[PDB]
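First up is the structure itself, then whatever we jot down about it.
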Amino acid sequence: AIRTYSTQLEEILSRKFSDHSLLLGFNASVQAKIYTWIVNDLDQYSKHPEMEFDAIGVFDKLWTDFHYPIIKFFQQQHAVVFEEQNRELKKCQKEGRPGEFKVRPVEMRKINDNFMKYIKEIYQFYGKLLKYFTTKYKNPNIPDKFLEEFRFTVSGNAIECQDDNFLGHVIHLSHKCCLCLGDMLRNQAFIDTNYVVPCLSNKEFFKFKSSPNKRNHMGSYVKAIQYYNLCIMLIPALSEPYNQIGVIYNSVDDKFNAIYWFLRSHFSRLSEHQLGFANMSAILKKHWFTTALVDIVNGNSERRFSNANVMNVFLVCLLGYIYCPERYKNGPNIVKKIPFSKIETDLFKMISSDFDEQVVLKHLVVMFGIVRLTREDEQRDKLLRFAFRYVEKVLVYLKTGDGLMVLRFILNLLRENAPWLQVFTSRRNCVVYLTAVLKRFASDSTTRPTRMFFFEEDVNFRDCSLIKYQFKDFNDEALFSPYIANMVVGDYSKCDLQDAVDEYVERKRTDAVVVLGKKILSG
RNA sequence: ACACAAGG
RNA sequence: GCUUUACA
């Protein structure tokens with residue numbers, strides 16, 4: 001069925017002259033047919049053997065062979081007209097009449113208007129499917145925050161307590177819906193920023209040529225990221241949403257956040273392990289970080305990175321010096337006579353002067369991710385020694401600063417990775433600083449504390465293999481029940497804590513860090 | 001100058 | 001051990 005429609009679609013898109021109405025009507029008919037098919041397939045799930053259940057595979061085929069190829073077709077049409085504008089510019093320039101060059105904003109807009117109609121149709125289609133999946137069946141594994149995000153309300157519908165597997169298929173289908181919405185909006189925003197906006201005026205055109213994108217325009221992707229975040233909320237184990245978030249950051253030249261998300265994609269529990277590493281490496285093999293490093297050290301620059309961005313560039317350059325020496329190692333210097341030790345010193349000062357818990361958390365994820373990916377024992381050991389020097393600087397700061405979330409992460413990283421814990425305890429200094437940090441915290445907790453809900457860091461690192469998919473410093477047994485998920489997404493809106501949430505969280509985090517630190521130090 | 005990490 | 005760079 002899907003193949004037949006795909007073949008008809010390919011015949012339509014290969015026509016030299018696009019009949020937009022034919023394409024839209026064809027899509028609408030295919031959508032209507034797939035909708036009725038999906039609902040019957042879910043309803044008949046009990047009747048036809050559970051391996052015969054195709055809806056997941058048809059959904060992936062619907063996206064890959066039908067909806068996305070139409071997106072790419074429209075994207076190509078935008079590219080053709082954009083290159084026509086380029087051909088005019090080169091012609092006028094060669095002919096000695098560069099001031100006569102005029103953008104032609106007509107016949108860009110008509111093509112984009114047809115694209116926008118298509119996007120609106122499929123946006124409604126996938127939203128309609130998502131509403132069906134999320135409200136037709138009672139699924140206690142769908143967090144309330146997700147329903148609130150869409151303002152779905154489950155009526156007294158069918159209750160498939162009979163089969164957890166059915167509910168798993170339904171939740172996967174909802175994930176795919178959110179993924180398609182994110183992907184469609186991402187492609188739309190990409191087309192708009194790179195083809196449509198540049199073709200609106202000469203006033204639009206030239207800046208794109210001079211500034212490659214200088215894409216501080218992240219707002220245009222906000223909605224796509226939102227949908228991708230919803231995907232991670234539903235099934236954080238799946239690698240694809242993290243990869244697409246990284247793709248967004250990569251497109252806006254935020255190469256560090258791209259790397260972070262590609263590593264998150266690689267380390268998700270059910271990761272395919274293809275996309276994230278390849279994209280991250282494609283960044284690392286390039287010259288962006290080395291060029292940013294030279295611009296930072298030379299001071300005078302339009303580049304003009306913020307302090308946290310400076311730390312990110314320093315971190316990646318220092319890691320590359322060990323992990324990717326062909327690009328980042330020239331004797332004792334990273335590039336252009338810039339010593340490795342100088343940049344390491346500068347970063348370690350910034351940890352004390354510009355300590356940001358989220359910045360440090362991303363630093364830790366990137367750094368220990370690269371450690372995890374390094375096979376060569378010499379490279380891995382050098383990287384680990386660098387990472388633990390960084391951790392030592394953090395612990396020194398934490399002799400006077402706050403940072404309990406970072407400390408929880410560091411301690412669970414050590415707890416869950418026995419080789420790294422062994423290296424940590426083999427370093428005298430690490431032990432001394434950890435002892436001094438913990439001596440500040442009073443705690444009558446001797447056993448792992450219980451808590452009422454997941455804290456921010458717990459939600460953020462769900463199914464991240466770096467900590468073996470969950471924080472284990474808490475006794476969370478009472479939270480891990482099928483018939484509630486609001487506590488696992490950290491939704492405390494139902495908890496009678498008012499303004500006392502922050503002190504409660506701080507106290508509970510302190511208790512957990514005291515217990516786990518003692519356990520680490522005792523060994 | 002002595003005590004710390006990088007490099008051959 | 002020495003030699004070079006960086007920090008303290």
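Identifiers for the structure tokens are assigned positionally: chains receive A, B, ... in sequence, residues are indexed from 1 per chain, and ligands are indexed from 1 in the order shown.
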### Task
Skip residue 5 (chain B) itself and residues of its chain fewer than 4 positions away, then list as a VMD selection string all residues within 12 Å of it, counting only C-alpha atoms (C1' of nucleotides).
(chain A and resid 332 340 to 342 344 to 345 382 385 to 386 389) or (chain C and resid 5 to 8)
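Within 9 Å of region 5-22 of chain A, once only C-alpha atoms (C1' of nucleotides) are used and residues closer than 2 positions along the same chain are dropped, the contacting residues are residues 1, 2, 3, 24, 25, 26, 27, 30, 62, 65, 66, 69, 70, 73 and 114 of chain A.
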### Task
Could you list, as a list in words, the residues of chain B having an atom within 9 Å of chain A when counting only C-alpha atoms (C1' of nucleotides)?
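Going by the stated atoms only, the list reads residues 5, 6, 7 and 8 of chain B.
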### Task
Apply DSSP to the structure's backbone, then extract all residues of region 341-482 of chain A labelled helix (DSSP H, G or I) and return them as JSON, numbers by chain.
{"A": [341, 342, 343, 344, 345, 346, 347, 348, 349, 350, 351, 352, 353, 357, 358, 359, 360, 361, 362, 363, 364, 365, 366, 367, 368, 369, 370, 371, 372, 373, 377, 378, 379, 380, 381, 382, 383, 384, 385, 386, 387, 388, 389, 390, 391, 392, 393, 394, 395, 396, 397, 404, 405, 406, 407, 408, 409, 410, 411, 412, 413, 414, 415, 416, 418, 419, 420, 421, 422, 423, 424, 425, 426, 428, 429, 430, 431, 432, 433, 434, 435, 436, 437, 438, 439, 440, 456, 457, 458, 459, 460, 465, 466, 467, 477, 478, 479]}
### Message
If I take CA of residue 284 (chain A) and CA of residue 406 (chain A), how far is one from the other in Å, to one decimal?
### Response
25.7 Å
## Note on the structure
Correct to one decimal, the distance CA of residue 319 (chain A)-CA of residue 370 (chain A) is 7.8 Å
### Query
Any idea what the distance is between CA of residue 320 (chain A) and CA of residue 282 (chain A)?
12.8 Å
### Query
residue 269 (chain A): which residues within 9 Å, counting only C-alpha atoms (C1' of nucleotides), same-chain residues fewer than 5 positions away excluded, as a PyMOL selection string?
chain A and resi 236-239+462-465+468-469
Given the selection you just returned, output its residues as a file containing N, CA, C and O atoms, formatted as a PDB file, in the first residue's frame.
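Saved result, again-v2.pdb, follows:
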```pdb
ATOM      1  N   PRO A 236      12.936   8.865  26.376  1.00  0.00           N
ATOM      2  CA  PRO A 236      14.299   9.426  26.344  1.00  0.00           C
ATOM      3  C   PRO A 236      15.336   8.436  25.848  1.00  0.00           C
ATOM      4  O   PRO A 236      16.443   8.856  25.489  1.00  0.00           O
ATOM      5  N   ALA A 237      15.000   7.144  25.790  1.00  0.00           N
ATOM      6  CA  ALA A 237      15.944   6.133  25.333  1.00  0.00           C
ATOM      7  C   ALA A 237      16.262   6.246  23.844  1.00  0.00           C
ATOM      8  O   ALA A 237      17.319   5.766  23.414  1.00  0.00           O
ATOM      9  N   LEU A 238      15.381   6.862  23.052  1.00  0.00           N
ATOM     10  CA  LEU A 238      15.550   6.900  21.604  1.00  0.00           C
ATOM     11  C   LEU A 238      16.496   8.026  21.192  1.00  0.00           C
ATOM     12  O   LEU A 238      16.353   9.169  21.638  1.00  0.00           O
ATOM     13  N   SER A 239      17.475   7.688  20.344  1.00  0.00           N
ATOM     14  CA  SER A 239      18.578   8.582  19.995  1.00  0.00           C
ATOM     15  C   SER A 239      18.210   9.707  19.030  1.00  0.00           C
ATOM     16  O   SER A 239      18.895  10.737  19.023  1.00  0.00           O
ATOM     17  N   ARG A 462      17.821  11.007  32.063  1.00  0.00           N
ATOM     18  CA  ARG A 462      17.113   9.743  31.890  1.00  0.00           C
ATOM     19  C   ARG A 462      17.665   8.959  30.706  1.00  0.00           C
ATOM     20  O   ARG A 462      17.890   9.516  29.626  1.00  0.00           O
ATOM     21  N   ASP A 463      17.899   7.663  30.928  1.00  0.00           N
ATOM     22  CA  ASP A 463      18.400   6.731  29.915  1.00  0.00           C
ATOM     23  C   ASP A 463      19.740   7.160  29.303  1.00  0.00           C
ATOM     24  O   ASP A 463      20.115   6.675  28.230  1.00  0.00           O
ATOM     25  N   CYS A 464      20.489   8.042  29.973  1.00  0.00           N
ATOM     26  CA  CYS A 464      21.855   8.377  29.564  1.00  0.00           C
ATOM     27  C   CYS A 464      22.803   7.317  30.114  1.00  0.00           C
ATOM     28  O   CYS A 464      22.936   7.163  31.333  1.00  0.00           O
ATOM     29  N   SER A 465      23.417   6.544  29.216  1.00  0.00           N
ATOM     30  CA  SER A 465      24.308   5.466  29.632  1.00  0.00           C
ATOM     31  C   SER A 465      25.514   5.951  30.436  1.00  0.00           C
ATOM     32  O   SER A 465      26.151   5.135  31.108  1.00  0.00           O
ATOM     33  N   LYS A 468      24.477   5.047  33.546  1.00  0.00           N
ATOM     34  CA  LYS A 468      23.702   3.810  33.433  1.00  0.00           C
ATOM     35  C   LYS A 468      22.211   4.076  33.640  1.00  0.00           C
ATOM     36  O   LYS A 468      21.513   3.363  34.365  1.00  0.00           O
ATOM     37  N   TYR A 469      21.730   5.118  32.966  1.00  0.00           N
ATOM     38  CA  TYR A 469      20.337   5.477  32.704  1.00  0.00           C
ATOM     39  C   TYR A 469      19.562   6.068  33.881  1.00  0.00           C
ATOM     40  O   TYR A 469      18.416   6.491  33.664  1.00  0.00           O
TER      41      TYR A 469
END
```
